[PDB]
Amino acid sequence: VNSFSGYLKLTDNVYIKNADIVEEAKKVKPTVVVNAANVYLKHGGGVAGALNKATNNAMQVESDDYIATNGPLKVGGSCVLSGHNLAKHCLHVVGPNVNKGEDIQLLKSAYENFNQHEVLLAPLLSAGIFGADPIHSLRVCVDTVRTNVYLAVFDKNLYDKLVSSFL
Ligand SMILES: c1ccc(CNc2ncnc3[nH]ccc23)nc1
């Protein structure tokens with residue numbers, strides 16, 4: 001039993017809710033919140049900008065030190081950093097950004113990072129400003145992640161479409 005509430009169950013291991021991931025993170029304090037990161041960990045907008053704003057920019061400060069030491073992530077890759085006031089840990093995962101021309105096949109590699117964590121609160125990777133079709137992202141999630149994932153979808157309209165079209 002865990003503390004996630006109001007989720008619709010899609011499969012054995014995937015759950016989905018219309019929620020603001022920031023507000024859900026602050027209420028649940030999950031072990032892991034996933035950030036929709038870019039390779040530079042520049043948290044300017046979308047989910048990343050919102051999560052970073054909620055940390056009062058502490059996420060960005062920590063991220064800049066990470067990049068200065070380690071260099072950029074790979075598209076499809078991830079790193080574990082602090083969850084600050086939102087979670088124990090933040091798993092920064094880089095989905096392909098269609099608006100940069102990145103290969104959508106890398107979306108499966110991105111979701112594979114979730115399998116290193118038993119339970120996660122997450123957004124749909126490569127959705128929103130990353131330009132992928134969220135229905136495709138949900139399909140890849142279900143077909144790739146084997147650990148327990150709680151997906152927060154900010155937009156109520158998209159949430160209803162994802163549920164109604166789910167196979
Ligand atoms: C429109 C469609 C999809 C998204 C995906 N981005 C997010 N997904 C979950 N929670 C969020 N909070 C802020 C952003 C965010 N954004 C905007």
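Note that the numbering runs from 1 along the sequence shown for the chain. Just so it is clear, the values below take in all heavy atoms, side chains as well, and ignore hydrogens, waters and symmetry mates.
Annotation: salt bridge (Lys or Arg N to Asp or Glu O under 4.0 Å) contacts of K26 (sequence neighbours excluded): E23. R146 meets the salt bridge (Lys or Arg N to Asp or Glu O under 4.0 Å) test with no other residue; sequence neighbours excluded. Judged as a side chain to side chain contact (heavy atoms under 4.5 Å, CB included), and not counting sequence neighbours, the contacts of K100 are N38, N97, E102. Here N52 pairs with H43, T55, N57, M59, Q60 under the side chain to side chain contact (heavy atoms under 4.5 Å, CB included) rule; sequence neighbours left out. Taking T144 as the reference, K108, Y111, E112, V140 meet the side chain to side chain contact (heavy atoms under 4.5 Å, CB included) condition, with sequence neighbours excluded. Applying the ring pair (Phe, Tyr, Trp, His ring centres under 6.0 Å) criterion to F4, with sequence neighbours excluded, gives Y7, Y150. With sequence neighbours excluded, the residues forming a side chain to side chain contact (heavy atoms under 4.5 Å, CB included) with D155 are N157, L158, listed by chain and number.
Contact between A37 and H92 at its shortest, heavy atoms only, is CB-CB, 3.9 Å. Nearest approach of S82 to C90, heavy atoms of both residues: O-CB, 3.4 Å. Taking each heavy atom of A110 and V93 in turn, the nearest pair found is O-CG1, 3.4 Å. The heavy-atom pair separating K27 from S5 by the smallest distance is NZ-CB, 4.3 Å.
Its side chain within the 4.5 Å cluster rule, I129 clusters with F130 among the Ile, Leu, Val, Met, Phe, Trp and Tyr residues. In this structure, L73 belongs to a hydrophobic cluster whose other members, linked by side-chain heavy atoms under 4.5 Å apart, are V39, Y40, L41, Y66, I67, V75, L81, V94, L106.
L151 and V22 fall into different hydrophobic clusters, defined by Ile, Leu, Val, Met, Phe, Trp and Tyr side-chain heavy atoms under 4.5 Å apart, directly or through other members.
The 12-atom threshold is exceeded at OH of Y159, counting heavy atoms of other residues, nucleotides or ligands nearer than 6.0 Å.
Sequence neighbours left out, the pairs with a member in residues 8-19 that pass side-chain hydrogen bond (donor to acceptor under 3.5 Å, both in side chains) are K9-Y15, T11-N13, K17-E24.
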Return all side-chain donor-acceptor pairs below 3.5 angstrom for residues 160-167, not counting sequence neighbours, or 'none' if the list is empty.
from: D160; atom 1: OD1; to: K156; atom 2: NZ; distance (Å): 3.0
from: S164; atom 1: OG; to: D160; atom 2: O; distance (Å): 3.0
from: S165; atom 1: OG; to: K161; atom 2: O; distance (Å): 2.6

List, one per line, each side-chain donor-acceptor pair under 3.5 Å for residues 120-127, sequence neighbours excluded.
from: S126; atom 1: OG; to: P96; atom 2: O; distance (Å): 2.7

